[PDB]
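Peer 1: Have a look at this one before I ask anything.
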Amino acid sequence: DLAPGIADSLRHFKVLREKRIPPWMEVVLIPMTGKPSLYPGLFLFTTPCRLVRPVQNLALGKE
Amino acid sequence: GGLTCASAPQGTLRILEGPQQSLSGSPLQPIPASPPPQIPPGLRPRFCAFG
């Protein structure tokens, strides 16, 4: 019950360039249900070879 | 005079620091939507027949 808020807080840091979260960290939160969905858990990638793309973040308008 | 095991703790507290959510405004774009291509005013014909 803290994973959603943590993911949203981390996404707000990267967007507003707060803390030291790299502007390009991927905060992923693969939810867990009872179904055979992808393995659950909060990943956070910041490695130097991933592909990224810009999108206008609504609720903040901060790209 | 040594250290002995004491009573088991009755509870646990886990502290974390968390900020809150703002209002949903959802300001999608500076100049938004795909603005349509359109007619230059008046224009005028730039060609005539012979005669």
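Numbers in chain B track Swiss-Prot; the residues on display, in order, are 103-153.
Recorded method for this deposit: electron microscopy, 3.0 Å.
Each Cβ is built from the backbone N, Cα and C atoms, and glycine gets one as well.
From Swiss-Prot, for reference:
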| type | residues | note |
| --- | --- | --- |
| REGION | B:120-143 | region 'Disordered' |
| MOD_RES | B:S128 | phosphoserine |
| COMPBIAS | B:131-143 | compositional bias 'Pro residues' |
| MOD_RES | B:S136 | phosphoserine |
Peer 1: At a 10 A cut-off on CB-CB distances, which of the modified residues B:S128, B:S136 has the highest count?
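Peer 2: Output for this query is B:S128.
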Peer 1: At the Cα level, what's the spacing in Å between B:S136 (phosphoserine) and B:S128 (phosphoserine), rounded?
Peer 2: 18
Peer 1: Using DSSP, how many residues of the compositional bias 'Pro residues' (B:131-143) fall into helix, strand and coil, respectively?
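Peer 2: DSSP classes over the compositional bias 'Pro residues' (B:131-143) add up to 0 helix, 0 strand, 13 coil.
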Peer 1: Under a three-state reading of DSSP, tell me whether B:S128 (phosphoserine) is helix, strand or coil.
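Peer 2: DSSP assigns B:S128 (phosphoserine) to coil.
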